[PDB]
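Written below as structure tokens is the structure these notes are about.
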Amino acid sequence: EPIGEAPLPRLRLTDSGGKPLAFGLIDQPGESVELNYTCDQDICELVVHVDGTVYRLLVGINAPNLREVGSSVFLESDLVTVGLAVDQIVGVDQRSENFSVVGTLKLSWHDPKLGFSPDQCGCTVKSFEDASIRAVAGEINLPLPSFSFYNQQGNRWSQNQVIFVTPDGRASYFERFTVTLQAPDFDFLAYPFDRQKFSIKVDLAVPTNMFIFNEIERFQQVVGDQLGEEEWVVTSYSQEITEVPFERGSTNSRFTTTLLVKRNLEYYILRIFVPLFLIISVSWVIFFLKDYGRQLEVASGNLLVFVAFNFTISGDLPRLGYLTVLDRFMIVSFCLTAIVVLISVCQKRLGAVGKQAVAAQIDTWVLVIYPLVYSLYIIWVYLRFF
Amino acid sequence: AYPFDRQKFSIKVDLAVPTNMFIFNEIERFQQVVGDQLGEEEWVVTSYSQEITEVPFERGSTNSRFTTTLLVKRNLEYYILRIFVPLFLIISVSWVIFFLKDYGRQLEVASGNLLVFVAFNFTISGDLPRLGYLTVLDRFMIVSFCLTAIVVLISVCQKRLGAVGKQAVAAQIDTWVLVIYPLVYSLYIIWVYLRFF
């Protein structure tokens, strides 16, 4: 019976092999459909097709006067429980946009097959490991889930695989891996004051009708206490399950773990910001000395130094397609310092004629523009990030 | 405490099955734990230990674990020769030129030392992680950075101050920087003796 204002869909009861057994005949009211069948064989495995190529559907067993959530369930199970945890962060590679983790995986589900009495072994749990796992189910011919790290580059070194089976049917699959993943949301526009995010995506290799992900279970802490990688610090995390499309009419489950990180600034403040502040300051304090040409000599040398600091900073970033913050600061200082040499070369010639009054007066002008500009530029950076 | 530190290394062996199915019981040394020759002359082992503990898992399952630990220390023959000798010499000579009253030359040498240090800053950072705090070697280089950009200020003040004719201030203040420079570094060393030795 549709919830409300939803067209009646097609329904059909067939056999698990595919042969049809019964069909649904609707009545004049049109708000409900009816299907009835009674088995007469030794095994009756039934499948309910609902065709629409939201709605409410009721299924019962031995329910005369079903008109007007029973004691037990009446549909099978293929719902897979998942769980992932992070133990280490081996490294981070800014320039190639990837990172690596060492974690562990837990897949567990229910199957009425693969059960066993405690008389065959005298034991209560059975264990398989390594590549013997591929040497079990094929003889029994029962479908197993198969995952895949969607955004993995290269190989995945998994050092242990184990599945424990309990007689009633429960099976728990564990795995320990070391993988390299891809991070495509790196945004350097605020470098080095940025907070990027890292994702781990686990995907099923089988369609939705054969398996899905159902619930998220944390058998362990998601983020371990010690990971290494002091340059990045984790502040949050999240886990969720979605559904992504494939092919033309097939979809599969997916399970995403996200980490949010921030960058420490103790290295950058010490190798770059301190040497750059000192060299600029002294190149402004020499302006007090009226020894001209020496003003040129120091400013020429600063041109040589900066192109060194330009190659250093570019060493550990991709060949980007836009402008960072650190790249804007160095462009400003490049252009500004090639202007003071112009003034110094103009001041030198201008003082040869005898018009020192312009030279002395214009000298004090560059004494205020130089320290004012950088303060102006900083203000333009305060608003766009803080 | 870099490079005066003594870190420790662990090897952890863990069981992949619950406690009720297997455990570790005793520790047996069928061989010497640490072989005589290992290579890696930069680190030297002074002790070792072995122990067995029990760590939790899942919700109601625990497994055995067996830990081996090594304690190591760093040799200082490389660091004393590539860094401490070149840095002591360049600072000493930049203080002994102060005897010459040729001003501006005091600026010229101090300006060059600013250029050299930023080279020594990138060299030392080459083989350390992008750390989140301050080592010892990083404090020593910060002190010398800040101090040397102060003597250029004095030299540029001394040069202009001697043009008017007041050499008495210039000569008298010249001897002041002759005592502050070698006194400070000795003060800084004392602050390092207490925190590590």
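Letters A, B, ... go to the chains of the structure tokens in the order shown; residues in each chain start at 1; ligands are counted from 1 in the same order.
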
Sort by chain and increasing residue number a table of all residues of chain B within 9 Å of chain A, each with its closest pair of atoms and their distance in Å to one decimal, counting only C-alpha atoms, and write it as a Markdown table.
```
| residue | atom | partner | partner_atom | distance |
| --- | --- | --- | --- | --- |
| B:16 | CA | A:162 | CA | 8.4 |
| B:57 | CA | A:220 | CA | 7.4 |
| B:58 | CA | A:219 | CA | 4.9 |
| B:59 | CA | A:219 | CA | 6.9 |
| B:111 | CA | A:282 | CA | 8.5 |
| B:114 | CA | A:279 | CA | 7.7 |
| B:115 | CA | A:279 | CA | 8.5 |
| B:117 | CA | A:275 | CA | 8.8 |
| B:118 | CA | A:275 | CA | 6.4 |
| B:121 | CA | A:271 | CA | 6.7 |
| B:122 | CA | A:271 | CA | 7.0 |
| B:125 | CA | A:271 | CA | 8.3 |
| B:129 | CA | A:230 | CA | 7.8 |
| B:130 | CA | A:231 | CA | 5.7 |
| B:131 | CA | A:230 | CA | 6.1 |
| B:132 | CA | A:266 | CA | 5.4 |
| B:133 | CA | A:266 | CA | 6.2 |
| B:134 | CA | A:266 | CA | 7.9 |
| B:138 | CA | A:270 | CA | 8.6 |
| B:142 | CA | A:270 | CA | 8.3 |
| B:145 | CA | A:275 | CA | 8.2 |
| B:146 | CA | A:278 | CA | 8.3 |
| B:149 | CA | A:278 | CA | 7.0 |
| B:152 | CA | A:282 | CA | 7.6 |
| B:153 | CA | A:285 | CA | 7.4 |
| B:156 | CA | A:286 | CA | 6.6 |
| B:157 | CA | A:288 | CA | 8.6 |
| B:159 | CA | A:289 | CA | 7.7 |
| B:160 | CA | A:289 | CA | 6.5 |
```

Handout entry: Picked from stretch 90-313 of chain A by DSSP as strand (DSSP E or B), as a PyMOL selection string
Key = chain A and resi 90-93+98-109+126-129+147-149+152+157-165+171-182+197-204+212-216+223+232-246+250-263

Practice task
Name all residues at most 9 Å from residue B:185 (count only C-alpha atoms; drop same-chain ones fewer than 3 positions away) and give them as a list in words.
Solution key: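 In the requested format, the answer is residues 140, 143, 144, 181, 182, 188, 189 and 190 of chain B.
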
Handout entry: Near-residue A:325 list (7 Å; only C-alpha atoms; drop same-chain fewer than 4 positions) as an NGL selection string
Key = :A and (189-191 or 329)

Exercise for the section: Find the residues near stretch 52-64 of chain A: any atom within 12 Å, counting only C-alpha atoms, skip ones fewer than 3 places away on the same chain, and give them as an NGL selection string. Expected result: :A and (1-13 or 31-39 or 46-49 or 67-75 or 249)
